[PDB]
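Participant: Got a structure here, written out as structure tokens. Questions coming.
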Amino acid sequence: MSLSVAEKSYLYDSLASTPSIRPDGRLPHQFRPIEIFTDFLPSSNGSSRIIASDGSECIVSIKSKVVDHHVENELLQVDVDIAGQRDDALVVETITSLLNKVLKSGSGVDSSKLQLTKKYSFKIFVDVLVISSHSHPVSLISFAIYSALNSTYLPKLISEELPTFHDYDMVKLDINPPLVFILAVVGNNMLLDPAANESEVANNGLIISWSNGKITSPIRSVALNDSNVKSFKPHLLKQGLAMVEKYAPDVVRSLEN
Amino acid sequence: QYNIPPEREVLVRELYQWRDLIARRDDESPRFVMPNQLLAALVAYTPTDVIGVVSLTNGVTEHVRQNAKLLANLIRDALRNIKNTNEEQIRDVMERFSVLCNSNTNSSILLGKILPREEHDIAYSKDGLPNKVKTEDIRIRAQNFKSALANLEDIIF
Amino acid sequence: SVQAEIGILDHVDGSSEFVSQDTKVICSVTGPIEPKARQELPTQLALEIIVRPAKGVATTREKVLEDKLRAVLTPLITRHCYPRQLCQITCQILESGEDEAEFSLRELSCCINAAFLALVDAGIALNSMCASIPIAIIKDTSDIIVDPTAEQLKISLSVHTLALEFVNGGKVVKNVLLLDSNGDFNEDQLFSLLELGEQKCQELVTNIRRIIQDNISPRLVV
Amino acid sequence: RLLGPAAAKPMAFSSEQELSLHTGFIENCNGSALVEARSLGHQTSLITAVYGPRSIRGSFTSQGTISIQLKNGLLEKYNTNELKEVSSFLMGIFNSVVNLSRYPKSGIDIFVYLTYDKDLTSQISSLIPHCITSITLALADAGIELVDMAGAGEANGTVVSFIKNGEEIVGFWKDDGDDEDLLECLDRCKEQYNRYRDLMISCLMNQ
Amino acid sequence: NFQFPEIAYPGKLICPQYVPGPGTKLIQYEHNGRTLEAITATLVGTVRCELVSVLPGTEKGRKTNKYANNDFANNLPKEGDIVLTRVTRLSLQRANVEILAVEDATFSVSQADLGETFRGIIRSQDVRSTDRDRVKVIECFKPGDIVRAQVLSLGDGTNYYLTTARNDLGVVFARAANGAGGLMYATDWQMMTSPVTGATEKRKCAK
Amino acid sequence: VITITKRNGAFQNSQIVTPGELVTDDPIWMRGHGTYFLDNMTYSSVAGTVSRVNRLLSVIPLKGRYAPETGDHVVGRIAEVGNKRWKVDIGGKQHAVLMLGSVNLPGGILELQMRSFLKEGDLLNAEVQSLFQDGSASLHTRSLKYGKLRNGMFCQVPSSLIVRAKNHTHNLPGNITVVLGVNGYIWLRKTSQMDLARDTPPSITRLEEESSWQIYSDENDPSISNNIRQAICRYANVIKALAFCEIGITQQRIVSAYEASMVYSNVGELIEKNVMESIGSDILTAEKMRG
Amino acid sequence: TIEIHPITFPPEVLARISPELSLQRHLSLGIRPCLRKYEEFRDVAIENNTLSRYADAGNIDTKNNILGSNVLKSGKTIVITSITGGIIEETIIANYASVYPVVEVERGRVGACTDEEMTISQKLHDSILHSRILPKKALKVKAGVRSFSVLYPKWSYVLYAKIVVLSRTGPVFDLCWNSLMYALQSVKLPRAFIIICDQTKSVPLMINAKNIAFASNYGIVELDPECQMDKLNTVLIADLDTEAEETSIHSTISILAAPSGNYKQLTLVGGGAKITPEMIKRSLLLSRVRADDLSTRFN
């Protein structure tokens with residue numbers, strides 16, 4: 001985004017006060033309406049398209065491949081491609097390396113839920129395509145892969161020889177997909193799910209990962225803007241971190257529906 | 001346009017508005033009664049006397065000659081007007097500074113012994129053996145070059 | 001005996017084609033022309049040297065070929081009389097005439113001669129003239145021979161590419177432009193070939209002058 | 001760049017934390033440093049160079065722009081995707097420490113070379129606290145202004161960078177590890193940050 | 001007015017509110033009480049009192065000039081400063097140059113060639129002191145000459161505004177035929193001649 | 001709480017002319033916008049409706065951007081600073097130019113430090129003075145009413161949803177002043193001293209106004225009422241709500257939707273898509289079917 | 001006839017406004033801008049087998065791939081030369097091989113390989129092959145079969161190289177060559193069985209120690225009477241360094257000298273001053289002593 005310094009001081013003073021007045025007036029625990037479409041790519045096992053309120057749209061496709069897990073290290077490879085950005089861009093490889101950690105085969109998702117024979121297993125290819133974006137999309141892609149993995153169907157196994165699969169029947173992918181949230185701190189107030197203008201005048205940002213009803217390992221604290229970058233008190237680190245522990249079940253109840 | 005000091009803005013204002021009223025009185029163009037060439041000349045010479053306006057070096061128009069006594073009286077009015085406006089709890093916060101201040105070797109592991117090595121120049125003798133030069137030898141040559149650099153004050157043929 | 005033709009291209013200021021044994025190199029010179037931002041020099045002329053192999057793309061093998069050819073033509077051109085200007089000098093090797101992977105001396109010797117010829121046809125200020133020859137020694141007789149063939153290189157111990165500079169009717173040698181060598185040699189054999197290489201390049205410019213006169217003279221007052 | 005023939009295959013074989021600090025020894029850039037850490041079965045040896053500040057032609061920004069880049073050295077070559085991930089985390093920290101408002105219309109380029117990363121038995125978590133202490137020494141040698149020293153520590157994957165004697169946190173990084181290990185991981189790095197903080201000043205004051 | 005330690009490191013507190021300056025910034029700290037405006041040094045060097053400023057480097061580093069490339073990058077040419085430039089481009093009504101040094105005598109070497117270096121423009125109206133409207137810049141400067149020109153208004157969108165309308169300003173070092181000849185020396189006010197070659201070239205001399 | 005709309009199975013949920021068809025064969029017409037003449041016959045270049053005003057034949061396209069016309073009160077931010085001219089982003093097909101002589105300078109006739117008081121990204125309002133050959137607009141700030149915006153928040157609406165009225169700016173209850181631009185750039189700020197004192201209530205050859213940089217300063221008002229800032233956030237939602245329901249924006253419909261927001265009495269429940277369709281329907285039905 | 005005083009400048013800005021003028025003023029005193037005399041070199045300090053898996057002959061590394069290393073430093077430049085290993089299956093100069101270096105000079109820039117990085121990588125490959133250092137019979141693999149129990153009595157070795165130059169101040173073509181010759185003598189070829197390499201067992205590389213050589217660059221500078229006159233006198237500068245010398249000196253001589261009075265490579269560029277046979281013989285003899293000190297510096 002790009003704003004004027006006159007209105008940057010207005011949003012900074014309005015978000016750092018004790019009432020913590022938000023631009024659109026939403027509460028610090030509220031979110032923006034999101035539209036999610038699933039199951040529309042027959043050539044893929046799973047698929048999802050997510051549309052945000054500000055115009056950010058992202059498409060996720062899921063493919064599968066039988067590979068020997070004794071020689072294949074990671075079974076969940078995420079390929080991120082942002083339109084208008086190079087494949088070797090600095091902002092693309094960071095999310096590519098960050099999503100590979102939130103969906104690591106064994107850590108973020110247990111490999112036992114996609115094993116076949118004692119030798120072979122399914123490898124999940126998560127292809128991400130960001131059509132448009134106005135803020136940090138790591139939280140939007142997590143919502144897209146969540147609905148895509150929960151709407152994925154893989155072929156059923158028939159059973160040391162090469163595995164055979166059924167022609168008609170296909171089993172559902174029962175996998176708990178981790179969730180990623182973005183939090184912005186403005187002076188001394190926490191903001192869950194910031195906007196393009198909120199994250200532009202914020203002091204610092206927080207990335208929390210949620211899996212199996214708990215805060216899982218891959219978390220970050222990357223700055224949301226290079227202008228106003230300030231250090232935060234450790235009491236703010238645990239405030240927003242414990243804040244998602246109260247409202248994330250309300251997110252999953254509305255997302256897993 | 002003619003580079004007139006901004007301090008004389010009160011003078012050109014009186015002459016421009018008088019030029020406009022006379023141009024409207026006799027139904028003439030403002031340049032017919034006083035062109036921009038003559039306007040800049042009246043504000044520069046500032047003719048106080050009745051002769052300085054009519055006997056100007058560049059020449060005047062018919063309206064300036066007939067109204068010579070009036071314009072020579074206006075510059076005298078503006079000259080005396082432009083000259084009229086020119087004349088007219090520390091120790092309580094210092095102790096907090098000193099009480100907060102109370103809250104406050106391996107040479108190498110792998111490459112720490114090779115990289116921080118300073119310059120070492122060597123010389124080869126006639127037989128073929130290295131001769132390391134001391135840091136004082138290169139220092140003698142340093143001041144010998146700077147002193148001989150600022151001692152050039154004459155050039156011959 | 002070598003063959004050479006001048007003025008063969010229609011869309012460059014100067015063109016040339018140097019043929020020796022089996023190596024054939026076509027060069028193209030264009031200048032002075034408007035340089036780019038990163039190329040323009042405040043005082044003297046800028047050079048854009050580009051050589052290309054016969055097979056495959058331009059790898060790092062030809063990059064050192066450009067840097068050595070650049071050092072031969074840079075002192076040969078009066079650069080100071082073309083301030084803030086550019087001159088493109090492209091060398092295209094049609095036939096290598098040797099082994100590209102094991103050798104690269106005959107192509108450097110032909111690119112130097114082909115570039116100098118194209119610099120003459122384009123009308124660029126040259127302080128002197130140039131001549132380059134390849135030199136190698138057979139491990140059998142251990143004697144110095146000029147322009148060795150492709151079979152004579154595989155048996156050679158050390159290779160040489162001597163480039164000289166001639167003035168005063170192609171007789172006086174002003175300075176040794178380039179002498180690139182790789183292999184096994186000593187100081188006794190260095191001057192043993194440097195003296196022999198000076199008289200083989202003297203008859204080369206004498207042969208170059210005859211060639212560049214049979215073609216430029218008819219185009220002038222004739 | 002030769003790389004050799006493509007038909008060739010690579011070889012396949014079937015408490016206390018020592019620290020070393022240096023600075024300078026580089027003439028290209030303005031300020032440099034070299035940190036080395038040898039503890040248990042893992043050694044770290046990386047070089048940091050700061051080429052700045054350089055005035056940007058045609059720029060009109062109100063404050064400076066930091067450019068941090070991690071480059072693979074010669075051993076334990078990480079993936080390029082994770083190298084830029086730590087760089088973006090390093091820029092998110094140093095954008096709050098380096099006085100950006102002092103250098104308008106100019107940028108600062110950081111070059112950290114993880115030359116020798118060795119393990120003797122995410123592996124990048126242990127190297128992050130060593131990269132932060134190498135840039136602060138290099139930024140101070142280049143005459144660049146930094147608001148207080150910046151250091152970090154490791155506590156089983158969790159990497160937290162503090163400032164102002166550990167009063168306020170500037171950055172937070174965690175990979176792998178366990179669950180509910182927060183306050184203990186903070187204090188394990190809080191006392192480790194002070195271990196790296198005063199050691200940087202002791203090396204930067206010697207001659 | 002000097003009870004503080006001699007040397008200072010980034011983060012060391014100096015004195016309360018005193019005024020800030022080069023190497024300090026008003027940072028409010030908290031020690032179980034109200035926030036006090038503390039001036040904190042952000043450079044490695046000694047503190048000086050006049051006006052509070054922290055100058056980088058040691059006294060030996062200032063005399064030996066160990067921070068050569070660090071001094072010019074931190075001290076930008078302000079208004080009225082007299083600098084040493086090099087002619088790069090010659091236009092009909094201007095002359096693009098390249099700032100190489102700046103004085104307060106003593107100077108400071110610029111950045112080491114490649115771009116991203118400070119450049120300026122000497123307008124034809126500010127070349128000479130008399131007849132400022134009609135001049136011939138081709139008779140005043142040549143590409144590759146060191147020119148001593150004083151800066152003017154800072155419209156630094158890309159270049160700087162310089163002037164040579166004085167006696168001690170102009171070409172201070174040049175060579176015949178744009179570097180292809182011998183070193184020339186300034187004789188008259190607009191006549192430069194090389195002793196060995198004997199050739200004369202019209203410049204804007206400074207003697 | 002979150003409201004997530006879900007789907008499954010699919011990817012998603014006068015005279016109309018198309019480009020390439022014949023609209024008329026009568027040569028006695030004036031070819032307008034979205035129309036190309038050819039072989040004494042008229043064809044349409046875009047898709048839309050046919051308009052026949054006088055002898056001017058033109059096609060009104062469906063999705064049309066902002067067309068800059070002479071004498072339009074617009075709002076735009078500076079995109080770049082050039083040689084004595086600043087390209088401002090109005091939202092049209094190109095960047096509108098703002099010559100240095102089109103704004104009030106405090107120094108006057110007495111200095112290329114243009115970026116000092118007006119850099120890139122700064123928001124302001126002005127009026128279109130004229131147009132260029134390619135359609136680019138030329139703005140000017142020769143009035144005290146036009147100045148650098150501050151003490152508020154910026155928002156954007158589609159250009160085809162702004163109705164042209166007499167007064168471009170209006171004063172709203174709650175000490176709030178709205179600035180409606182025909183380009184679609186709205187500025188919601190607290191009422192200043194100017195919009196409050198003017199929007200609501202022979203030897204003379206004219207003189208020049210003495211205006212300082214007091215209107216170009218980036219320093220906003222120090223003390224803004226907390227009760228007023230919550231009103232601005234309540235105005236930004238109801239404006240984007242009417243734009244979500246393709247409703248024309250006028251001064252009477254801004255204050256009408258403001259009373260409907262008091263039923264919920266919270267500025268956070270307005271971002272939902274269900275409450276926007278209801279408040280939008282409460283205006284089209286309780287106003288157009290009652291008067 | 002003429003008498004005009006010149007304009008003086010401090011030595012700091014003298015090298016910036018004109019590297020040619022600063023270079024001529026030093027040679028009038030018999031010194032160089034590098035604070036060195038005419039035929040003075042720079043001391044070196046090397047560390048072989050320091051970054052390799054075989055650093056400790058008793059306690060081998062658990063996870064390492066480098067076969068040998070050499071941290072060379074001459075003056076203020078730093079050269080690091082590691083060597084990785086590979087293997088290819090196969091089915092007078094042709095009997096010898098070479099190395100595949102990846103020169104990466106760090107100067108503070110980003111992008112692909114510089115023209116300098118690609119010229120050193122090829123000149124190193126061309127000098128190793130012509131000097132005959134690695135015969136093709138030394139790359140063969142005595143591949144056995146394990147059944148564990150390994151036994152030893154077509155496959156051939158492929159040797160890579162990565163050179164990282166830091167704090168560059170001049171032409172580093174000679175520093176990378178000397179650092180490679182040191183790093184060559186420290187690598188060990190791991191044994192291979194039936195293909196998998198051995199974890200601990202290694203074999204020393206068969207390097208043709210007869211043809212080993214070292215690098216040394218020189219320069220021919222032409223003076224001038226205007227900086228402290230029919231004709232003039234030229235001097236020879238050994239081991240060029242600093243931006244002043246590399247920019248102004250347009251006539252250099254870089255050579256590879258081997259023991260027993262043998263030479264492996266010579267480049268004779270005479271762009272600047274005239275290269276007389278006097279300075280040709282002097283550069284050759286001055287390099288034979290340089291190669292004797294380097295080969296007998298630490299080993």
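Chain lettering (A, B, ...) mirrors the order of the structure tokens, residue numbering begins at 1 for each chain separately, and ligand numbering begins at 1 in order of display.
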Show me, as a ChimeraX atom specification, every residue of chain E with an atom at most 8 Å from chain G, counting only C-alpha atoms.

Facilitator: /E:86,100-101,107-109,146,172-173,183,185-187,195-196

Participant: What are the closest atom pairs, with distances in Å to one decimal, for each residue of chain E lying within 10 Å of chain C, using only C-alpha atoms, rows by chain and rising residue number, as CSV?

Facilitator:
residue,atom,partner,partner_atom,distance
E:87,CA,C:42,CA,8.1
E:88,CA,C:42,CA,5.4
E:89,CA,C:42,CA,6.5
E:90,CA,C:42,CA,8.9
E:114,CA,C:38,CA,8.9
E:115,CA,C:38,CA,8.9
E:142,CA,C:43,CA,8.6
E:143,CA,C:42,CA,5.6
E:144,CA,C:43,CA,6.4
E:145,CA,C:43,CA,9.9
E:177,CA,C:80,CA,7.6
E:178,CA,C:43,CA,5.7
E:179,CA,C:43,CA,7.3
E:180,CA,C:80,CA,6.6

Participant: Given the selection you just returned, output its residues as a file containing C-alpha atoms, formatted as a JSON list (two decimals), in the first residue's frame.

Facilitator:
[["chain", "number", "residue", "atom", "x", "y", "z"],
["E", 87, "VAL", "CA", 34.01, 16.54, -15.26],
["E", 88, "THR", "CA", 32.04, 13.64, -16.74],
["E", 89, "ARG", "CA", 29.64, 15.06, -19.36],
["E", 90, "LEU", "CA", 29.76, 18.34, -21.29],
["E", 114, "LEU", "CA", 30.75, 2.38, -10.48],
["E", 115, "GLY", "CA", 27.64, 4.52, -10.10],
["E", 142, "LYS", "CA", 36.82, 19.37, -20.59],
["E", 143, "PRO", "CA", 35.89, 15.80, -19.60],
["E", 144, "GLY", "CA", 38.38, 14.44, -17.10],
["E", 145, "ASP", "CA", 39.41, 17.68, -15.35],
["E", 177, "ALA", "CA", 43.85, 16.41, -25.03],
["E", 178, "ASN", "CA", 41.55, 15.01, -22.31],
["E", 179, "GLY", "CA", 44.26, 12.95, -20.62],
["E", 180, "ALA", "CA", 46.18, 12.07, -23.80]]

Participant: How far is it from CA of residue 48 (chain E) to CA of residue 148 (chain D), in Å with one decimal?

Facilitator: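 Result for CA of residue 48 (chain E) versus CA of residue 148 (chain D): 19.1 Å, one decimal.
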
Participant: Got a sec: who's within 7 Å of region 66-71 of chain F, counting only C-alpha atoms, leaving out chain neighbours fewer than 2 positions off, as a PyMOL selection string?

Facilitator: chain F and resi 64+73+91-92+127-131+137+159+183

Participant: Just asking: which residues within region 49-186 of chain C are alpha helix (DSSP H) according to DSSP, as an mmCIF file with N, CA and C atoms, in the first residue's frame?

Facilitator:
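Ended up saving to selection-v2.cif:
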data_model
loop_
_atom_site.group_PDB
_atom_site.id
_atom_site.type_symbol
_atom_site.label_atom_id
_atom_site.label_comp_id
_atom_site.auth_asym_id
_atom_site.auth_seq_id
_atom_site.Cartn_x
_atom_site.Cartn_y
_atom_site.Cartn_z
ATOM 1 N N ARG C 61 34.534 -20.171 -21.799
ATOM 2 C CA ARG C 61 35.754 -20.353 -22.579
ATOM 3 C C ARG C 61 36.024 -19.145 -23.467
ATOM 4 N N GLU C 62 34.978 -18.597 -24.082
ATOM 5 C CA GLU C 62 35.123 -17.431 -24.940
ATOM 6 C C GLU C 62 35.204 -16.127 -24.157
ATOM 7 N N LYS C 63 34.903 -16.150 -22.857
ATOM 8 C CA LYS C 63 34.996 -14.932 -22.059
ATOM 9 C C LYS C 63 36.447 -14.502 -21.881
ATOM 10 N N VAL C 64 37.341 -15.452 -21.592
ATOM 11 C CA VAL C 64 38.763 -15.136 -21.560
ATOM 12 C C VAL C 64 39.286 -14.842 -22.957
ATOM 13 N N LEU C 65 38.622 -15.362 -23.991
ATOM 14 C CA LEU C 65 38.999 -15.027 -25.358
ATOM 15 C C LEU C 65 38.698 -13.568 -25.670
ATOM 16 N N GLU C 66 37.618 -13.027 -25.099
ATOM 17 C CA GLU C 66 37.311 -11.612 -25.282
ATOM 18 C C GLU C 66 38.290 -10.732 -24.517
ATOM 19 N N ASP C 67 38.674 -11.148 -23.306
ATOM 20 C CA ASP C 67 39.540 -10.317 -22.476
ATOM 21 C C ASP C 67 40.951 -10.226 -23.042
ATOM 22 N N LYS C 68 41.434 -11.288 -23.690
ATOM 23 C CA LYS C 68 42.758 -11.235 -24.302
ATOM 24 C C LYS C 68 42.738 -10.434 -25.599
ATOM 25 N N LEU C 69 41.713 -10.636 -26.431
ATOM 26 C CA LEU C 69 41.564 -9.822 -27.632
ATOM 27 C C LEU C 69 41.357 -8.354 -27.286
ATOM 28 N N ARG C 70 40.702 -8.078 -26.156
ATOM 29 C CA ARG C 70 40.487 -6.697 -25.732
ATOM 30 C C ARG C 70 41.808 -6.003 -25.427
ATOM 31 N N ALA C 71 42.762 -6.733 -24.843
ATOM 32 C CA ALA C 71 44.049 -6.143 -24.496
ATOM 33 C C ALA C 71 44.927 -5.901 -25.717
ATOM 34 N N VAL C 72 44.606 -6.511 -26.854
ATOM 35 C CA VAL C 72 45.387 -6.310 -28.070
ATOM 36 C C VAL C 72 44.901 -5.092 -28.844
ATOM 37 N N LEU C 73 43.586 -4.888 -28.911
ATOM 38 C CA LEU C 73 43.016 -3.796 -29.687
ATOM 39 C C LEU C 73 42.936 -2.485 -28.919
ATOM 40 N N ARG C 106 44.696 -21.029 -31.789
ATOM 41 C CA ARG C 106 44.524 -20.655 -33.190
ATOM 42 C C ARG C 106 43.349 -19.708 -33.379
ATOM 43 N N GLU C 107 42.294 -19.863 -32.576
ATOM 44 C CA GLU C 107 41.145 -18.974 -32.694
ATOM 45 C C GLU C 107 41.474 -17.577 -32.184
ATOM 46 N N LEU C 108 42.274 -17.484 -31.120
ATOM 47 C CA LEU C 108 42.720 -16.177 -30.648
ATOM 48 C C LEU C 108 43.613 -15.499 -31.679
ATOM 49 N N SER C 109 44.451 -16.276 -32.369
ATOM 50 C CA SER C 109 45.339 -15.698 -33.373
ATOM 51 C C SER C 109 44.568 -15.200 -34.588
ATOM 52 N N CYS C 110 43.476 -15.876 -34.953
ATOM 53 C CA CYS C 110 42.681 -15.437 -36.094
ATOM 54 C C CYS C 110 41.734 -14.302 -35.729
ATOM 55 N N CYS C 111 41.222 -14.287 -34.496
ATOM 56 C CA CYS C 111 40.361 -13.188 -34.072
ATOM 57 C C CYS C 111 41.127 -11.875 -33.990
ATOM 58 N N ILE C 112 42.408 -11.924 -33.622
ATOM 59 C CA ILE C 112 43.216 -10.709 -33.572
ATOM 60 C C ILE C 112 43.424 -10.152 -34.974
ATOM 61 N N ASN C 113 43.774 -11.019 -35.926
ATOM 62 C CA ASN C 113 44.003 -10.563 -37.293
ATOM 63 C C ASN C 113 42.702 -10.124 -37.957
ATOM 64 N N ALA C 114 41.616 -10.868 -37.736
ATOM 65 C CA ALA C 114 40.341 -10.505 -38.347
ATOM 66 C C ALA C 114 39.807 -9.195 -37.782
ATOM 67 N N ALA C 115 40.019 -8.951 -36.487
ATOM 68 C CA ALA C 115 39.539 -7.712 -35.885
ATOM 69 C C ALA C 115 40.330 -6.510 -36.385
ATOM 70 N N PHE C 116 41.651 -6.659 -36.520
ATOM 71 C CA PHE C 116 42.463 -5.560 -37.033
ATOM 72 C C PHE C 116 42.071 -5.203 -38.460
ATOM 73 N N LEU C 117 41.805 -6.212 -39.293
ATOM 74 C CA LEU C 117 41.401 -5.948 -40.669
ATOM 75 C C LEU C 117 40.072 -5.207 -40.721
ATOM 76 N N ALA C 118 39.098 -5.640 -39.917
ATOM 77 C CA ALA C 118 37.808 -4.960 -39.893
ATOM 78 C C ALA C 118 37.921 -3.561 -39.299
ATOM 79 N N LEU C 119 38.916 -3.329 -38.439
ATOM 80 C CA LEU C 119 39.140 -1.984 -37.920
ATOM 81 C C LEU C 119 39.738 -1.067 -38.979
ATOM 82 N N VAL C 120 40.438 -1.631 -39.963
ATOM 83 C CA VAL C 120 40.991 -0.821 -41.042
ATOM 84 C C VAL C 120 39.905 -0.431 -42.036
ATOM 85 N N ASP C 121 39.009 -1.367 -42.362
ATOM 86 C CA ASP C 121 37.964 -1.082 -43.340
ATOM 87 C C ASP C 121 36.930 -0.103 -42.796
ATOM 88 N N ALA C 150 46.234 -29.031 -36.704
ATOM 89 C CA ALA C 150 45.450 -29.619 -35.622
ATOM 90 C C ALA C 150 46.126 -30.863 -35.058
ATOM 91 N N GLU C 151 46.770 -31.656 -35.918
ATOM 92 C CA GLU C 151 47.459 -32.850 -35.440
ATOM 93 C C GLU C 151 48.743 -32.498 -34.699
ATOM 94 N N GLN C 152 49.352 -31.357 -35.023
ATOM 95 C CA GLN C 152 50.584 -30.945 -34.364
ATOM 96 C C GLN C 152 50.346 -30.364 -32.977
ATOM 97 N N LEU C 153 49.110 -29.968 -32.664
ATOM 98 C CA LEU C 153 48.816 -29.439 -31.336
ATOM 99 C C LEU C 153 48.698 -30.552 -30.301
ATOM 100 N N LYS C 154 48.071 -31.672 -30.670
ATOM 101 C CA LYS C 154 47.877 -32.768 -29.726
ATOM 102 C C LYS C 154 49.194 -33.379 -29.265
#

Participant: From the options B:50, B:149, B:60, B:115, which residue's atoms come nearest to residue 24 (chain D), counting only C-alpha atoms?

Facilitator: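 Looking only at the distances to residue 24 (chain D), the closest residue turns out to be B:115.
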
Participant: I want to know what sits within 12 Å of residue 65 (chain F), based on only C-alpha atoms, with residues of the same chain fewer than 3 positions away left out; could you give that as a list in words?

Facilitator: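 Answer for this query is residues 60, 61, 62, 68, 90, 91, 92, 93, 94, 157, 158, 159, 160, 161, 162, 182, 183 and 184 of chain F.
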
Participant: Can those selected residues be exported to a file as a short mmCIF file (atom, residue, chain, number, x, y, z; two decimals), in the first residue's frame so that it contains N, CA, C and O atoms?

Facilitator:
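Output file part28.cif follows:
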data_model
loop_
_atom_site.label_atom_id
_atom_site.label_comp_id
_atom_site.auth_asym_id
_atom_site.auth_seq_id
_atom_site.Cartn_x
_atom_site.Cartn_y
_atom_site.Cartn_z
N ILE F 60 -22.94 3.92 -24.61
CA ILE F 60 -22.58 3.99 -23.20
C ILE F 60 -22.16 2.59 -22.75
O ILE F 60 -23.03 1.71 -22.65
N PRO F 61 -20.88 2.35 -22.47
CA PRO F 61 -20.46 1.01 -22.07
C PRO F 61 -20.95 0.66 -20.67
O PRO F 61 -21.27 1.53 -19.86
N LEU F 62 -21.02 -0.64 -20.40
CA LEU F 62 -21.43 -1.14 -19.10
C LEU F 62 -20.46 -0.68 -18.02
O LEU F 62 -20.77 0.22 -17.23
N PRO F 68 -12.68 12.39 -16.95
CA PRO F 68 -12.41 13.74 -16.43
C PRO F 68 -12.98 14.80 -17.37
O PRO F 68 -12.62 14.86 -18.55
N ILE F 90 -5.73 10.61 -10.02
CA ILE F 90 -7.16 10.89 -9.88
C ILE F 90 -8.00 9.62 -10.02
O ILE F 90 -9.10 9.55 -9.46
N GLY F 91 -7.50 8.62 -10.74
CA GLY F 91 -8.22 7.37 -10.94
C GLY F 91 -8.65 7.12 -12.36
O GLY F 91 -9.28 6.09 -12.63
N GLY F 92 -8.35 8.02 -13.29
CA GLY F 92 -8.72 7.85 -14.68
C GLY F 92 -7.75 6.95 -15.42
O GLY F 92 -6.96 6.21 -14.82
N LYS F 93 -7.81 7.03 -16.75
CA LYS F 93 -6.95 6.21 -17.58
C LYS F 93 -5.49 6.63 -17.52
O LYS F 93 -4.61 5.81 -17.77
N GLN F 94 -5.22 7.90 -17.19
CA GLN F 94 -3.86 8.42 -17.10
C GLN F 94 -3.71 9.20 -15.80
O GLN F 94 -4.65 9.34 -15.02
N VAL F 157 -14.71 4.81 -3.66
CA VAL F 157 -15.94 4.22 -4.17
C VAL F 157 -15.87 4.22 -5.69
O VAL F 157 -15.06 4.95 -6.29
N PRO F 158 -16.68 3.39 -6.35
CA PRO F 158 -16.71 3.42 -7.82
C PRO F 158 -17.11 4.79 -8.34
O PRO F 158 -17.88 5.52 -7.72
N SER F 159 -16.56 5.14 -9.51
CA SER F 159 -16.79 6.47 -10.07
C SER F 159 -18.21 6.63 -10.59
O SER F 159 -18.73 7.76 -10.61
N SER F 160 -18.85 5.55 -11.01
CA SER F 160 -20.20 5.61 -11.55
C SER F 160 -21.28 5.65 -10.47
O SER F 160 -22.46 5.48 -10.79
N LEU F 161 -20.90 5.87 -9.21
CA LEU F 161 -21.85 5.91 -8.10
C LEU F 161 -21.90 7.28 -7.42
O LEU F 161 -22.53 7.41 -6.37
N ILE F 162 -21.24 8.29 -7.99
CA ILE F 162 -21.20 9.63 -7.42
C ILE F 162 -22.10 10.53 -8.25
O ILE F 162 -21.88 10.70 -9.45
N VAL F 182 -16.18 13.27 -7.82
CA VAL F 182 -16.80 12.55 -8.93
C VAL F 182 -15.93 11.40 -9.42
O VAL F 182 -16.43 10.48 -10.07
N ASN F 183 -14.63 11.43 -9.11
CA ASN F 183 -13.75 10.32 -9.47
C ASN F 183 -13.97 9.10 -8.58
O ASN F 183 -13.60 7.99 -8.97
N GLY F 184 -14.57 9.28 -7.41
CA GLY F 184 -14.77 8.21 -6.46
C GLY F 184 -13.86 8.23 -5.26
O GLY F 184 -13.75 7.21 -4.57
#
